[PDB]
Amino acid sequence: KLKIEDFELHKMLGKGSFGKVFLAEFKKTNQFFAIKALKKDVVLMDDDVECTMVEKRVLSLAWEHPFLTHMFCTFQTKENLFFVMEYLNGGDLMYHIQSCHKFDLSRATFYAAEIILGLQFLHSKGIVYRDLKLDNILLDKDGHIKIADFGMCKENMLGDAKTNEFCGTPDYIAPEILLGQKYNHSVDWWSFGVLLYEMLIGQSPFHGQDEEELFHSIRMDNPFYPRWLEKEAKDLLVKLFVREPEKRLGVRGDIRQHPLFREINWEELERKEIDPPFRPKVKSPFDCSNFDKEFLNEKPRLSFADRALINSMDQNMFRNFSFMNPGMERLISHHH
């Protein structure tokens, strides 16, 4: 059944190391999705085969939480891998922070709280996310956050479990990773600190002209807190930037009880009953104005694959990639 030709790719919303993401409409219907498309030859030579399977598995768990990107289905062809996602048109936080430089206190506080809920959900399932960054936070049409890109996750991290892979995005990487220590969900709470600092202050807490200097900064320096910064925001950041992971808030104590969040009813937040302080400007369900124009101007196209590599690799590499949720299956079979 399902094929890429069943969709119309109206726009390319973005491209990069994650592949291409298109605004797609299923056949006739008035139903839109974001399709992430990957070339199998590229995934293979980037050594991303397992990350791609992790992403698929973690996304099967994610429909259970409001603050993670929901996947409807996943399918493959000899050359391509496709994730058919929920279309989210509020725009990403990196894109939004570019024009205003930094988020006002209430907006940042709100984003931080929703991100806490998403992260804690992932942790309670034994998933360490490991790539928390501003680029990976999307907004829905109403301004609620959605965490995207689960390819870096480590699964099975419940109990007395640790893992040891060096990974992340350099500005956000935890000092225990830099020091080559076995680690758990602690690493996500450092990254969260970095992300919050960026939201409030408009630049990264650690700096260097090359990675060597940056990693030194992450390991050794105290973050700068400007005098204008709200004391409870500073205090939360101080408690996240603890280098001993077992003493870090999120690992220890109860981050939900931090005074920065004293006005938040977490149960209401989780049911999306608290209005986001920032409402994206959206004119329709297909409006794509909250995305970078650099990408929107490109004609949607899937590129060719290296046949020699495709023909020579074991296709079983992507066994069990395919997955379809009941609601999607209904839509397909209705227009069959």
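From 1 onward, residues are counted along the sequence shown.
- For the segment pair 257-265 and 194-202, the entry gives 257-265 the higher mean B-factor, averaged over Cα atoms.
- In this crystal structure, the stretch out of 209-217 and 146-154 whose C-alpha atoms carry the higher mean B factor is 209-217.
- Residues shown: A34, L68, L309, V58. Highest C-alpha temperature factor in the entry: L309.
- Looking at the C-alpha B-factors along this chain, the one for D104 belongs to the middle third.
- Among the modelled residues of its chain, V282 has a C-alpha B-factor that falls in the highest third according to the deposited record.
- Sort the modelled residues of the chain by CA B factor and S186 lands in the lowest third.
- Per the PDB record, residue ranking by Cα B-factor puts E232 in the middle third of the chain.
- Compared with the other modelled residues of the chain, the Cα B-factor recorded for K239 ranks in the middle third.
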